[PDB]
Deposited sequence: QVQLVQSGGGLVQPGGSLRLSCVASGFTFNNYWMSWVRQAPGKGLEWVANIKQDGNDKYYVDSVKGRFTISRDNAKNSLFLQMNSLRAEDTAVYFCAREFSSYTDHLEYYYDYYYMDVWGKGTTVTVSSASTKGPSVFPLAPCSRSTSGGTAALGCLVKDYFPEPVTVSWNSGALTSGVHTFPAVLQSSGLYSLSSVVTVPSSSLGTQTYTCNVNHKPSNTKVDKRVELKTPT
């Protein structure tokens, strides 16, 4: 079948750079215009750039002219995108797509319209000025009772949370993290337990943040 697979995405800081790749298969690559489309978290699509089949004619969206350079190599069914002077607003998932020709001819005139019919799965690009940093773990002190741990200001994702070294798995809810304006993440893990055990049963959340090689076991007391 027809396929497109990109790669090269990653995490960098403002001003940094990345080189995206896209390998086609299942179709005559040098017969189509190829494009790069992006999608910022939670937003719509935006065409970034494309290149004619002969690799000469190149087009870009205004916000990346001068910083981004598209190129192709018909010899190896590959499409590339060199990204320089990266910005926070460039953060998004990048897809490479094929432009196909929808030809409708009415003699006196004809329409030659191009749309994207094949898309890759996409590669992620994150541009942030935040630096690797371990989290601060604060306890959320407590019929039943709710108690947990606040895993504050860490970068970048992810972090894992468990309770009593795994012995407590039911009534546990670890919430997706929130990206703060500061560029750092935070999340909360909470568990519901019997109120009568609060006096005898000890509770400890085991937090691990591999990016900064930091583990924290925080005891949550009454």
property: Deposited-sequence segments unaccounted for in the coordinates; result: 143-149, 230-233
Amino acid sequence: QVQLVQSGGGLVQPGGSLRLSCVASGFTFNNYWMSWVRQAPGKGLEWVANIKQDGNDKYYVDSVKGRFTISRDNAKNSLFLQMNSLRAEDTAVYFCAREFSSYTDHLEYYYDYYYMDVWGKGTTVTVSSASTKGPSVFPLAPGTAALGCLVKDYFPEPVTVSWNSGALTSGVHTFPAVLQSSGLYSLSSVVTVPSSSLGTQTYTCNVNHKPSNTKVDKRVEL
From here on, numbers count along this sequence of modelled residues.
| item | value |
| --- | --- |
| Of 175-183 and 191-199, the stretch whose C-alpha atoms average the higher B-factor in the entry | 191-199 |
| 83-91 versus 99-107 - greater average Cα B-factor per the deposited record | 99-107 |
| Maximum C-alpha temperature factor, selected from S35, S170, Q39, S162 | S170 |
| Out of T126, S136, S129, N74, highest CA B-factor residue | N74 |
| Chain third (lowest, middle, highest) by recorded CA B-factor, residue given as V118 | middle |
| Where the record places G55 (Cα B-factor, split into thirds across the chain) | highest |
| Relative C-alpha B-factor of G44, binned into the chain's lowest, middle or highest third | middle |
| Assigned third (lowest, middle, highest) for the C-alpha B factor of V207 | lowest |
| Third of the chain, ranked by Cα B-factor, where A145 sits | highest |
